[PDB]
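Chemist: Handing you this structure, nothing more for now.
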Amino acid sequence: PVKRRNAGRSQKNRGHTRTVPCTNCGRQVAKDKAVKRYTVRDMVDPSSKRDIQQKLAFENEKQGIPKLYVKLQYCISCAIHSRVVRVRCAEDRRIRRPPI
Amino acid sequence: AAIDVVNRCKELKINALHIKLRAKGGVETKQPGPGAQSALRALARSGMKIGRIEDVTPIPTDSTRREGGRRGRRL
RNA sequence: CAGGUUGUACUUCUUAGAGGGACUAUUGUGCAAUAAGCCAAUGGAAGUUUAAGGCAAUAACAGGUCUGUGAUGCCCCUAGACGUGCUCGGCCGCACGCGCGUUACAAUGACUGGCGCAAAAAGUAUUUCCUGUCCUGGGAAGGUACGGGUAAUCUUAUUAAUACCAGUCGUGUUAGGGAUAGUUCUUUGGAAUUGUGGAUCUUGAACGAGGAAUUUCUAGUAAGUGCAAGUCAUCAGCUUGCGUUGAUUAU
RNA sequence: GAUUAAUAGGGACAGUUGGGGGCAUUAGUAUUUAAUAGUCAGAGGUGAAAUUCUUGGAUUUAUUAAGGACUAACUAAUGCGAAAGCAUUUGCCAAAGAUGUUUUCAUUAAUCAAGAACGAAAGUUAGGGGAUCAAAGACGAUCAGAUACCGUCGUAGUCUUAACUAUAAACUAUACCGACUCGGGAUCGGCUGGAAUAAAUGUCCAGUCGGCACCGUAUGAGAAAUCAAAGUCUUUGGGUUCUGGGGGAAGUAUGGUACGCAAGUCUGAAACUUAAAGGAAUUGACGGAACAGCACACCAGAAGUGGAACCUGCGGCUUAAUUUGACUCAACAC
Ligand SMILES: [Mg+2]
Ligand SMILES: [Mg+2]
Ligand SMILES: [Mg+2]
Ligand SMILES: [Mg+2]
Ligand SMILES: [Mg+2]
Ligand SMILES: [Mg+2]
Ligand SMILES: [Mg+2]
Ligand SMILES: [Mg+2]
Ligand SMILES: [Mg+2]
Ligand SMILES: [Mg+2]
Ligand SMILES: [Mg+2]
Ligand SMILES: [Mg+2]
Ligand SMILES: [Mg+2]
Ligand SMILES: [Mg+2]
Ligand SMILES: [Mg+2]
Ligand SMILES: [Mg+2]
Ligand SMILES: [Mg+2]
Ligand SMILES: [Mg+2]
Ligand SMILES: [Mg+2]
Ligand SMILES: [Mg+2]
Ligand SMILES: [Mg+2]
Ligand SMILES: [Zn+2]
């Protein structure tokens, strides 16, 4: 019973692909296989934002607080446990560009 | 922590701090800890002006090998 | 203010038959993708499916019941019987373990007076069943003196107890609390001893609000408070119901 | 007197294309360490913690330097390589496909016992090197026990010269050359026209050859999962190597003028025993997985039982007998 046709990794036309340590655990995982999400968040709770934006010395800031950039790479056990990715029915299992 | 710092800058006559934020970085995690936000807030909460803000977290062009196993932390 | 009478009288109260009544009604630039529906305010006796119940598909669980059955298969006992009786015990026997529960640890209390507040149930194959007057006894209780009722007629449309009003008692194993005991008296029963219940003096223990745990519960509801019915000759700390006083907190 | 010139194959050549290879170069932060400055009491680490480090000043901050690795992000259902594998700059060296040819050769080809070139990791031999991690080991913790999962350390290893070794789920678990059978966009590399502009190593459009794939679909296949091959198979034959014949025994025994220093590799049995082992899929049940309902389950509360005396059931224990049924809700004031 082949489960995935992909077999989980996006790799074709090559023998080998570089291994990446998982953010959460650090387990080595295939770069194709890895659940990778790029995150641009803000360093600060919106309330905290109000508080700081009061005290910003340079008024020449328009959204003058930096965002936090993360390239987040999960091994499978981790990204499942941690709900980044979750179990779906056989038909949905092949759906490719899902979010909102 | 923050309020102690602020109280002590206040007598050094210091209005404003630039901020350089860091997580352990390098080969370790790049997500700053829980205290990050709280300390940043409590600093300004204490009536301290805030200057330019940068994240300097150590960022390998490339890494030495991670402290985990080959299989990472199990459990 | 109370009785007694009364009528081609009357229906508010009381029976209880017919028929109404509620359909989530009306309104809502309330939420609903404007659909089902939810929500609020108003009206309304009633808007939690009005409230509380009765009934309970398909499938199970070798759940329980040969001790409810003159429903039984099979097995067993069959005359000093495992049949049908009689007499005395026993099931209530106590080092202890575990469940339902009644009563308390008090002042929002206990006790002494006073006080025309219920509901729902029962009831005589004639003296036997509810029992009303009356009388005796200090009392539980006894007479039998006069009586009613197979009951909407008589017990009774009362007789309940929390509650209320006075007064005592004064934060202490105290009258809180009454377990346990010893005399007496009464009642049901041939039979009360291994106290059936009830009465009088005594006697007065634990308990100073409860470890780990854990039950039930959203409105006339919880909780307190008595009353009936089943059992029953006698025996309610049980059950099944009935009202009274009435919440805290969530929809 | 020399057949064509295979949408056969070899060769030439032309502009490209590539994270293919080998040498040199070269960068970049990062880990670790050191130096020089600072400042102070805690750093680490965990579920909590403890081993550790710390006033001889750690962690922390700034600037440099040393030393081994490693090439992030861009990074993809994209590329190259025979596979293993391959990702910093530049230069050099040889090599390659596809495309483009009104070039040349003219069957030179397909597959393949022998025999050969490669071949992750781990491991072995002789030197180097040693920053990070890190088998073994030393410790902390956890636990009934942990010689485990976690933590602090740490050797071999990890890197490198010369050599061995030949093995992996070395995986599309799918042999190679060749035909033929559906549709659709997109993608990487050539080419051919066309169009726009700010006129180009850039766009767009339409062709086409070759790649990696994908999405539909089959009145094709299959036990199915699924498969554009896993189709053109009882309507059974295009060419060629390899492998299997119930399960264990067992990749064991044994033999190897087969290999290896060794580990081991390759070759490789039978006796014996056994009725199934096995493949996909369905429905249940279960889950120390994900989601969603509902109930006084919780929410917010109340009255409390559990503590006391007594009453009344169970169980024990005595008994001549203490008749008996009924033990989680779903026995036990029944
Ligand atoms: Mg591989
Ligand atoms: Mg760690
Ligand atoms: Mg109903
Ligand atoms: Mg049974
Ligand atoms: Mg009398
Ligand atoms: Mg009566
Ligand atoms: Mg006596
Ligand atoms: Mg008594
Ligand atoms: Mg009676
Ligand atoms: Mg009873
Ligand atoms: Mg350096
Ligand atoms: Mg270097
Ligand atoms: Mg590329
Ligand atoms: Mg060596
Ligand atoms: Mg222990
Ligand atoms: Mg270490
Ligand atoms: Mg062109
Ligand atoms: Mg078919
Ligand atoms: Mg076949
Ligand atoms: Mg397909
Ligand atoms: Mg054939
Ligand atoms: Zn992980």
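As a convention, Cβ positions derive from the backbone with ideal geometry for all residues, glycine included, and neighbour counts pool all protein chains shown. Read-outs throughout are calculated quantities, based only on the coordinates presented, and are distinct from any laboratory measurement.
Chemist: Could you list all residues from segment B:29-41 that are more than 9 Å from every other protein chain (Cβ to nearest Cβ) and either more than 27 Å from residue A:26 (Cβ to Cβ) or in contact with a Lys or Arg (Cβ under 9 Å, 6 or more places away or on another chain) (or both)?
Modeler: B:33
Chemist: Starting from residues that are basic (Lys, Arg) and under 19 Å from residue A:87 (Cβ atoms), keep the ones in segment A:5-35 and report whichever is surrounded by the fewest Cβ atoms within 10 Å (Cβ to Cβ).
Modeler: A:5
Chemist: Return yes when residue B:66 is within 7 Å of chain A (Cβ to nearest Cβ), outside any strand (DSSP E or B), more than 23 Å from residue A:53 (Cα to Cα) and in contact (Cβ under 8 Å) with a residue 24 or more places away in the chain and no when it is not.
Modeler: Criteria met by residue B:66.
Chemist: Of the residues A:40, A:2, which is surrounded by fewer than 17 Cβ atoms within 10 Å (Cβ to Cβ), hydrophobic (A, V, I, L, M, F, W, C), more than 9 Å from every other protein chain (Cβ to nearest Cβ) and part of a loop (DSSP other than H, G, I, E, B)?
Modeler: Result of the check over A:40, A:2: A:2.
Chemist: Okay, moving on. What are the pairs, 6+ residues apart or on separate chains, where a residue within segment A:10-39 that is basic (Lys, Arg) has its Cβ under 6 Å from a residue that is surrounded by 14 or more Cβ atoms within 10 Å (Cβ to Cβ) and in a strand (DSSP E or B)?
Modeler: Qualifying pairs under 6 Å: A:31/A:20; A:36/A:73; A:37/A:72.
Chemist: Quick check on residue B:74: is it touching a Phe, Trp or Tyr at 6+ places or on another chain (Cβ under 9 Å) and within 11 Å of another protein chain (Cβ to nearest Cβ)?
Modeler: Answer is no for this residue.
Chemist: Please verify whether residue A:75 is hydrophobic (A, V, I, L, M, F, W, C) and within 15 Å of ligand 22 (Cβ to nearest atom), treating the condition exactly as stated.
Modeler: Judged against the criteria, residue A:75 is a match.
Chemist: For segment B:55-69, which residues satisfy the criterion of being touching a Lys or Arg at 6+ places or on another chain (Cβ under 8 Å) and within 12 Å of ligand 22 (Cβ to nearest atom)?
Modeler: Residues satisfying the conditions are B:68, B:69.
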